[PDB]
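Enquirer: Sharing a structure with you now.
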Amino acid sequence: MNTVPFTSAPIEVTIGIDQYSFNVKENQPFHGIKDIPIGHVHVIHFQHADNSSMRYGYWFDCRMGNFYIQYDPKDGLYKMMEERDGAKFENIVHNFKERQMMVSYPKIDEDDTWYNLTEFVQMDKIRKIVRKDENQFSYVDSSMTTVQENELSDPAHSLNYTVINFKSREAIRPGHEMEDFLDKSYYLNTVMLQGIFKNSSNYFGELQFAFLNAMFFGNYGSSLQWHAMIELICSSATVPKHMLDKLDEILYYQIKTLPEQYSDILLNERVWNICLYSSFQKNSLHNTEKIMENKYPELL
Amino acid sequence: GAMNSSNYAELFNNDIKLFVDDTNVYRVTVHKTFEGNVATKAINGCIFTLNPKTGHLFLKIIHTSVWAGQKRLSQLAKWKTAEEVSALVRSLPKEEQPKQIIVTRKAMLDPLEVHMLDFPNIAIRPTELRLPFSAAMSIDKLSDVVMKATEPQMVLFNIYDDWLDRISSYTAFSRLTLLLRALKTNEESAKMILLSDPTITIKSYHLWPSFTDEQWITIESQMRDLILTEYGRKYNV
Ligand SMILES: COc1ccc(N=O)c(O)c1
């Protein structure tokens, strides 16, 4: 189990750690989060009590370094930093645990939710979508735009998701216009899976990361990317059977985790109705269709 | 975006543009089978691709053999239209290629956009306007060449005959839509009006009769009467 200590909490803030969250009051004696499960990426995220504008946070993997949080009163945010001095850090952490100034990552033992949301997400792939090579952790916020969004403006603060565009020369083979537009299998299997992602695990990893950024930060370009990646699979007549079964599991846990009150803004009516009821894979997503129909029958 | 009631004189500026109407590409007759089921038989069709400024009509004849062994023909027809329009554009010299193509039916947008990916600077536009081009097959010479075709064929016409010698494009298009609107509402009466006077003939190289300026005003007024008549016969007014 790993620990992310906090130097202090000088401003009142709601802190998230993965799908959990808690409120910290202005200058409350809070010194971090302990008992963080090893083996998964994690995200620690923030929403200030006095300006809910800009949810922001940090993706990290405790196996890659010792990380802590420190408020910067000049830039006005909680910043993740890495401590290279391992003994300084163990020293800091041990003192804060002895004084019981830390919240415990509150994982129920039955619960596989976080694993199921991050199964294919790798820190190495996050760091290629979020480019800031001097840090081992990645900052994301509500306002960051995607490469695709910028094409339609600061490139250093962009989310470099894989561009997917159904009416593009990449998506459409000369001479197979109708075939390729109505059945996206070429674009999914040859262009994206074989060509760009290399394998379905990397594809699902980016799909999962896009969802989590949409959910945790309200990042609109991330929600667009998540829906495009779902639509590309559902709009393909030929999909490896293992991918369809895994996609059903992935989407099920994403829909299960979504706050009931954010479904109006995080779920695209067209994509979901098309995917569950009109597409080639209309009959291949049983678990996702069941939870969607019981939880969000309005959208449909 | 869409060409509507507010932005149509753009039809007659000097940016090359084409209307594309696909309503006569896939044509069928429905009939009973010996077993009392229903079946269709395709007949030859055509793409109606028109420069409204010059009157140049690129009539691509769609021979029934293009449907042989194909499924979902109404969907295929839109993609075949887009394939042929794209082929036409590529066949034209660069300085003759359109800047815009306006499709009369919105279902042509995605097929044409996808076929024209190589031409990102050609704008593909819908129109809220209700243009009467489905009635093109009521023009005897166009119907004749479509039905006589035994293979795919492109035939070029000027749908304005020599009108542009005497009137503007604006007025010429105006006349064409009125003629076609009349043929669409009551083809029999429309053709009666156009040929009632055997002394006015259609030149071998023309589609419409050789009306004087004054006779065109009469004709035009008779076509408006006919359209209003049918509007009353229809709605009882
Ligand atoms: C002279 O231009 C036009 C353009 C559209 C028309 N009807 O939709 C029309 O009759 C005349």
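Convention: chains lettered A, B, ... in structure tokens order; per-chain residue numbering from 1; ligands numbered from 1 as shown.
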Just the residues within 10 Å of residue 71 of chain A, please, counting only C-alpha atoms, with nothing from its chain fewer than 5 positions along; format it as a PDB file with N, CA, C and O atoms, in the first residue's frame.
Expert:
ATOM      1  N   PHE A   6       0.234  15.183   1.875  1.00  0.00           N
ATOM      2  CA  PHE A   6      -0.019  16.587   1.571  1.00  0.00           C
ATOM      3  C   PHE A   6       0.794  17.447   2.520  1.00  0.00           C
ATOM      4  O   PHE A   6       0.723  17.256   3.739  1.00  0.00           O
ATOM      5  N   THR A   7       1.503  18.424   1.984  1.00  0.00           N
ATOM      6  CA  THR A   7       2.183  19.370   2.865  1.00  0.00           C
ATOM      7  C   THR A   7       1.205  20.044   3.818  1.00  0.00           C
ATOM      8  O   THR A   7       1.480  20.158   5.026  1.00  0.00           O
ATOM      9  N   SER A   8       0.050  20.482   3.318  1.00  0.00           N
ATOM     10  CA  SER A   8      -0.975  21.175   4.088  1.00  0.00           C
ATOM     11  C   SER A   8      -2.215  21.307   3.214  1.00  0.00           C
ATOM     12  O   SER A   8      -2.172  21.020   2.023  1.00  0.00           O
ATOM     13  N   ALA A   9      -3.296  21.817   3.799  1.00  0.00           N
ATOM     14  CA  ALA A   9      -4.513  22.129   3.039  1.00  0.00           C
ATOM     15  C   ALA A   9      -4.967  23.553   3.326  1.00  0.00           C
ATOM     16  O   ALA A   9      -5.928  23.788   4.076  1.00  0.00           O
ATOM     17  N   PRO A  10      -4.319  24.541   2.709  1.00  0.00           N
ATOM     18  CA  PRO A  10      -4.630  25.940   3.048  1.00  0.00           C
ATOM     19  C   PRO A  10      -5.937  26.443   2.490  1.00  0.00           C
ATOM     20  O   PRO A  10      -6.406  27.495   2.940  1.00  0.00           O
ATOM     21  N   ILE A  11      -6.538  25.784   1.502  1.00  0.00           N
ATOM     22  CA  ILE A  11      -7.834  26.235   1.023  1.00  0.00           C
ATOM     23  C   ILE A  11      -8.828  25.084   1.027  1.00  0.00           C
ATOM     24  O   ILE A  11      -8.496  23.920   0.718  1.00  0.00           O
ATOM     25  N   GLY A  76      -2.277  29.096  -7.293  1.00  0.00           N
ATOM     26  CA  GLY A  76      -3.608  28.884  -6.763  1.00  0.00           C
ATOM     27  C   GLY A  76      -4.118  27.477  -6.958  1.00  0.00           C
ATOM     28  O   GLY A  76      -5.326  27.263  -7.171  1.00  0.00           O
ATOM     29  N   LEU A  77      -3.240  26.506  -6.891  1.00  0.00           N
ATOM     30  CA  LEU A  77      -3.764  25.152  -6.986  1.00  0.00           C
ATOM     31  C   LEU A  77      -2.897  24.174  -6.216  1.00  0.00           C
ATOM     32  O   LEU A  77      -1.725  24.419  -5.900  1.00  0.00           O
ATOM     33  N   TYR A  78      -3.518  23.055  -5.912  1.00  0.00           N
ATOM     34  CA  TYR A  78      -2.794  21.928  -5.337  1.00  0.00           C
ATOM     35  C   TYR A  78      -1.957  21.260  -6.430  1.00  0.00           C
ATOM     36  O   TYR A  78      -2.477  20.849  -7.479  1.00  0.00           O
ATOM     37  N   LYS A  79      -0.638  21.200  -6.236  1.00  0.00           N
ATOM     38  CA  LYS A  79       0.248  20.638  -7.251  1.00  0.00           C
ATOM     39  C   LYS A  79       0.827  19.298  -6.795  1.00  0.00           C
ATOM     40  O   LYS A  79       1.260  19.163  -5.653  1.00  0.00           O
ATOM     41  N   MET A  80       0.868  18.346  -7.707  1.00  0.00           N
ATOM     42  CA  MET A  80       1.587  17.107  -7.440  1.00  0.00           C
ATOM     43  C   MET A  80       3.068  17.355  -7.673  1.00  0.00           C
ATOM     44  O   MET A  80       3.458  18.045  -8.608  1.00  0.00           O
TER      45      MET A  80
END
Enquirer: Set the cut-off to 12 Å, count only C-alpha atoms and all ligand atoms, and list whatever residues fall near ligand 1 as a PyMOL selection string.
Expert: chain B and resi 3-13+19+52-53+102+104+127-133+168-182
Enquirer: For chain B, which residues have at least one atom within 8 Å of chain A, if we go by only C-alpha atoms? Write them as a list in words, please.
Expert: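 So the contacting residues turn out to be residues 79, 111, 113, 114, 115, 117 and 118 of chain B.
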Enquirer: Mind dumping the selected residues with N, CA, C and O atoms as a tab-separated table (two decimals), in the first residue's frame?
Expert:
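Written file, selection.tsv:
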chain	number	residue	atom	x	y	z
B	79	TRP	N	-25.46	6.33	-53.25
B	79	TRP	CA	-24.01	6.20	-53.35
B	79	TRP	C	-23.55	6.16	-54.81
B	79	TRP	O	-22.51	6.74	-55.14
B	111	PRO	N	-23.30	10.71	-48.65
B	111	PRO	CA	-22.69	9.98	-49.78
B	111	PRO	C	-21.83	10.89	-50.63
B	111	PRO	O	-20.70	10.50	-51.00
B	113	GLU	N	-20.48	13.85	-49.76
B	113	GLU	CA	-19.32	14.31	-49.00
B	113	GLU	C	-18.20	13.26	-48.99
B	113	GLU	O	-17.01	13.58	-49.19
B	114	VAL	N	-18.56	12.00	-48.74
B	114	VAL	CA	-17.57	10.94	-48.66
B	114	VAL	C	-16.90	10.72	-50.02
B	114	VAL	O	-15.68	10.58	-50.10
B	115	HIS	N	-17.69	10.70	-51.10
B	115	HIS	CA	-17.08	10.56	-52.42
B	115	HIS	C	-16.22	11.74	-52.84
B	115	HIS	O	-15.35	11.58	-53.72
B	117	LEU	N	-14.14	13.50	-50.77
B	117	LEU	CA	-13.10	13.80	-49.78
B	117	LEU	C	-11.85	14.39	-50.41
B	117	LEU	O	-11.18	15.23	-49.79
B	118	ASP	N	-11.50	13.94	-51.61
B	118	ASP	CA	-10.37	14.44	-52.38
B	118	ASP	C	-10.53	15.90	-52.78
B	118	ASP	O	-9.55	16.50	-53.25
Enquirer: Segment 33-273 of chain A: which residues are strand (DSSP E) by DSSP, as a ChimeraX atom specification?
Expert: /A:33-36,42-48,56-60,66-72,77-83,103-104,138-141
Enquirer: So which bits of segment 129-161 of chain B end up alpha helix (DSSP H) when you DSSP the backbone, as an NGL selection string?
Expert: :B and (140-148)
Enquirer: Mind writing the picked residues with C-alpha atoms as a CSV table (one decimal), in the first residue's frame?
Expert:
chain,number,residue,atom,x,y,z
B,140,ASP,CA,-39.8,14.4,-73.9
B,141,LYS,CA,-36.3,14.5,-75.3
B,142,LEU,CA,-34.8,13.7,-71.9
B,143,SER,CA,-37.2,10.8,-71.2
B,144,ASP,CA,-36.5,9.5,-74.7
B,145,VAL,CA,-32.7,9.2,-74.4
B,146,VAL,CA,-33.0,7.7,-70.9
B,147,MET,CA,-35.4,5.0,-72.0
B,148,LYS,CA,-33.5,4.2,-75.2
Enquirer: One number please: atom CA of residue 108 of chain B to atom CA of residue 75 of chain B, in Å, one decimal.
Expert: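 Spanning atom CA of residue 108 of chain B to atom CA of residue 75 of chain B is a straight-line distance of 9.9 Å.
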Enquirer: Could you list, as a ChimeraX atom specification, every residue within 12 Å of residue 88 of chain B, counting only C-alpha atoms and ignoring same-chain residues fewer than 6 positions away?
Expert: /B:18,20,47,49-50,57-60,81-82,94,96-98,101,115-116,154-156
